[PDB]
2 protein chains.
Amino acid sequence: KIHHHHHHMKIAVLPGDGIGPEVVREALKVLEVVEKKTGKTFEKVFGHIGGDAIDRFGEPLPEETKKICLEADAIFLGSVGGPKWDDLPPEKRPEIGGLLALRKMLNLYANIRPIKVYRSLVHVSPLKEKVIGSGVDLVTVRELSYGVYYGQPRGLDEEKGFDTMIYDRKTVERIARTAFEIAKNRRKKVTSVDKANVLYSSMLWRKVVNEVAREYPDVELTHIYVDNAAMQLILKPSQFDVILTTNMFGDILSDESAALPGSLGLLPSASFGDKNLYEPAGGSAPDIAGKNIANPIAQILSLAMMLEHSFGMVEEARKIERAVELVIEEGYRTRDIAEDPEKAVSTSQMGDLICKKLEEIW
Amino acid sequence: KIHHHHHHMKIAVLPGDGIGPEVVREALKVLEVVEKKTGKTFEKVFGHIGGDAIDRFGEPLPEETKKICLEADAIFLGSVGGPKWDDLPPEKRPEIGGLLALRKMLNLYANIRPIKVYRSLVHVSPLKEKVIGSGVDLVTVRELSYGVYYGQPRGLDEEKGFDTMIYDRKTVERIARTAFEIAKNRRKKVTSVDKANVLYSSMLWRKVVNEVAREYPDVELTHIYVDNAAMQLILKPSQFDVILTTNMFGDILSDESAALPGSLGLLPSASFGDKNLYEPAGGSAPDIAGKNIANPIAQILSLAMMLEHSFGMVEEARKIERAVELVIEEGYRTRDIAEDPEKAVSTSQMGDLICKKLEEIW
Ligand SMILES: [Cl-]
Ligand SMILES: [Cl-]
């Protein structure tokens, strides 16, 4: 879609449980800098989800929260879940009854997971410095609406279980275009990952991606098998810009690529849907909840994704990205990325450093 | 099965094309040491497959070769394919009409792919030395007969393609027992990899593996999601002994784990079937075919797997494994694992070093 200049935006903020609130607080301090500099109004409507909603309403995704989510332009979500609520069944716990239920209600079709290895944290990566090479800067664009997680028929009886892996043209068109557009505004390269040598779903996938790629003549398209992509993420990850793939392969590969920066606290996530959903790629951290330890960068970079993809504020998002990088490049580390742990800054300190830097470079 | 002492064994040797013959030659020189030391007769029946068979018979898997394969106790296969035969259609090329056709005819149910990072080649691995930790020594046991590659219905039309991912009890029992038995004779740990939180096939998988695991009370069983296994292969691979998984997940994960030693020339493969099939994990190397460069270790360690799994000659196989390790530990390198390429030994030199060492330590 075309993003026109808008000066009033509405965000549903659902801070969650445990570290959620701590890191969402910092993200919102960065949003305050953006607000000051751009003169735009971000109307924030706060909503209760997960443990917070169970306590207040008796259920993890109450009607009130759903209404807030459906009335906002974008949804900004912290983390949900904690030991207080474990021991509730399945359907009633935060992570299932709250988070998975929200995701389902949004009819999401794409998950976008950017992965950067910062030059200054290469020593934190599991990969040797020469393997990282000229650098890692990629994005997985994963199909979320169909494929094997939703294909019918599916079922389980006493002797067998089955699922159907299926793609159709309209589904693949939608996600392919998403990936091509992201590629257009990045390094103009898409790699599509499938298993077209063995699976019919993947033969259809590849056929339709090749069709869409004609609408984007300036974007380089390569195709690789998922097993070979799994090896290439480790042997030469710098070859990738946008990685376009299926529900299942994207699930496996985006988690593999998450090992590369070597901390989940660094990694943002966006899902595109009826409304877009912005959240850290990693989950609950019950053992540090409340201690001002958690790394806020994932939540902050999720804010940057929201600005870019919900609001078309691409320049602003790139400035947030730059301020994070500059603070890291300066040597500042939360515990999750510190070699010397007693030299770690807190959640709140890290958040203030990023805000002061963003004001500096703006 | 129980391996009784046998003194006469029959092997179908299908050397293949390109580097196949070079490396199979060395493996067979190691087999000559084993023959001398054990006093056993290995009757080798040589067979033509791939390019070699096209040239001689007009097709890549002729009736003569099939007969040799079905009359032998085990099948030892080099590499097939080369530029001479590319440009034949699909069904008539070496890799499809020869290799995939052989595999299909054998009704294989398990692929076994051992992965070791030798202490002395850690610098060749893509992973940092501290990531490797206490060491990498694992084996993937992959189901080959069913799951999404074979489940019905399946198909492709103009607007959609689909496959069915399915497991039943009898299929999972068979592969689980295979993995448990391998674990029994190794470090008594199995990790089973599935997607039981989302897929019915995986719920059945997990249920039946848990059942089989009762027949093996001294083997530690863990279960992990495939996306988390994909991350753990990079972040902490030393936690794994036997990895038991499905057709598709094993395909992706065994290829990922192949990036860890950082050369395919090191990696053997066994498939269990009507007869067992022993081959290098990697393929064609047309650019070095005939130059006495190829690393023979994969073919040599495939011979060790054959001795162990077809013939129950476990001690002999561990001696071959030991002689390879000792030659590496000494500093000898073929080009694929040499930092200084002009200091590389040839295929034939590497093969002689291993034979002389095997004679030394026997
Ligand atoms: Cl899928
Ligand atoms: Cl499967």
Side-chain angles (χ1 to χ4, degrees), chain A residues 96 100-101 103 105-111 140-157 159 161-176 178-179 192-209 212 225-227 244-255 271-274, chain B residues 143 146-157 159 161-168 171-172 193-207 225-227 245-252:
Chain A
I96 303 290
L100 298 184
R103 288 191 194 141
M105 179 195 99
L106 298 171
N107 301 299
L108 304 165
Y109 67 89
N111 189 234
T140 301
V141 177
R142 173 183 168 201
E143 207 293 307
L144 289 184
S145 69
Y146 204 33
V148 70
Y149 295 165
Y150 297 97
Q152 290 291 333
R154 60 196 321 251
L156 182 69
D157 65 44
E159 72 109 336
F162 63 106
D163 315 92
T164 305
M165 188 175 274
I166 175 157
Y167 277 103
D168 54 31
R169 173 168 284 98
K170 68 188 180 191
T171 301
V172 178
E173 280 173 352
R174 188 194 209 177
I175 190 64
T178 297
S192 180
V193 191
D194 64 33
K195 199 59 168 141
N197 58 338
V198 314
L199 295 186
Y200 292 119
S201 48
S202 281
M203 297 176 207
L204 181 287
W205 183 271
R206 190 175 287 217
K207 177 172 75 201
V208 180
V209 173
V212 168
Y225 300 126
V226 63
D227 44 346
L244 163 53
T245 190
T246 62
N247 207 343
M248 158 160 290
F249 304 155
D251 198 10
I252 297 166
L253 290 179
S254 69
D255 285 328
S271 299
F272 297 168
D274 294 344
Chain B
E143 207 293 307
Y146 204 33
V148 70
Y149 295 165
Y150 297 97
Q152 290 291 333
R154 60 196 321 251
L156 182 69
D157 65 44
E159 72 109 336
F162 63 106
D163 315 92
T164 305
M165 188 175 274
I166 175 157
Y167 277 103
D168 54 31
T171 301
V172 178
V193 191
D194 64 33
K195 199 59 168 141
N197 58 338
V198 314
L199 295 186
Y200 292 119
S201 48
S202 281
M203 297 176 207
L204 181 287
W205 183 271
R206 190 175 287 217
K207 177 172 75 201
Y225 300 126
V226 63
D227 44 346
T245 190
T246 62
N247 207 343
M248 158 160 290
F249 304 155
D251 198 10
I252 297 166

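All values below were derived from every heavy atom in this structure, side-chain atoms included, with hydrogens, water molecules and symmetry-related copies excluded. We name chains A, B, ... by the order of the sequence lines, and we start the count at 1 in each one.
- Distance check, rounded to the nearest 0.5 Å: CG of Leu106(A) to OG of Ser271(A) gives 9.0 Å.
- Between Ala110(A) and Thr178(A), the closest heavy-atom pair is CB-CG2, 4.4 Å.
- In this structure, the side chains of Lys195(B) and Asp251(A) come closer than 4.5 Å at one or more pairs of heavy atoms.
- With hydrogens and angles disregarded, no donor-acceptor distance shorter than 3.5 Å links the side chain of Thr164(B) to the backbone of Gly151(B).
- Minimum heavy-atom separation, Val198(B) to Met203(B): C-CE, 4.1 Å.
- In this structure the side chain of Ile252(A) reaches within 4.5 angstrom of the side chain of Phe249(B), judged on heavy atoms.
- Rounding to the nearest 0.5 Å gives a distance of 5.0 Å between OH of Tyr225(B) and CZ of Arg206(B).
- To the nearest 0.5 Å, the span separating CZ on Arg154(B) from CG on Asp163(B) amounts to 5.0 Å.
- With a 4.5 Å cut-off on side-chain heavy atoms, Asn247(B) and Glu143(B) count as touching.
- A distance-only check finds a donor-acceptor pair linking the side chain of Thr245(A) to the backbone of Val193(A) [under 3.5 Å].
- Here the straight-line distance linking atom CD1 of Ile166(B) with atom OG1 of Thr246(B) works out to 13.5 Å at 0.5 Å rounding.
- The side-chain heavy atoms of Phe162(B) and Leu199(A), taken from C-beta on, include no pair separated by under 4.5 Å.
- The backbone N or O of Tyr109(A) lies less than 3.5 Å from no partner atom in the side chain of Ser145(A), so there is not a single donor-acceptor pair.
- At least one side-chain heavy atom of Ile175(A) sits under 4.5 Å from a side-chain heavy atom of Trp205(A).
- When all heavy atoms are compared, the tightest approach of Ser202(B) to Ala196(B) is CB-N, 3.3 Å.
- Using a distance-only test at 3.5 Å, with no hydrogens or angles considered, a donor-acceptor pair links the side chain of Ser254(A) to the main chain of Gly250(A).
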task = In sequence, state the C-alpha distance, the side-chain angles, and the governing distance for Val141(A) and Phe272(A), and then conclude on side chain to side chain contact (heavy atoms under 4.5 Å, CB included).
result = CA-CA 10 Å; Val141(A) 177; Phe272(A) 297 168; over 6 Å; no

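- In this structure, NZ in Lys170(A) is found 8.0 Å from OH in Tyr146(A), a value given to the nearest 0.5 Å.
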ask   = Yes or no on side chain to side chain contact (heavy atoms under 4.5 Å, CB included) for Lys207(B) and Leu156(A), after CA distance, side-chain angles and deciding distance?
value = CA-CA 11 Å; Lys207(B) 177 172 75 201; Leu156(A) 182 69; 4.2 Å; yes

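- The line from CG of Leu204(A) to CD of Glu159(B) is 7.5 Å long, rounded to the nearest 0.5 Å.
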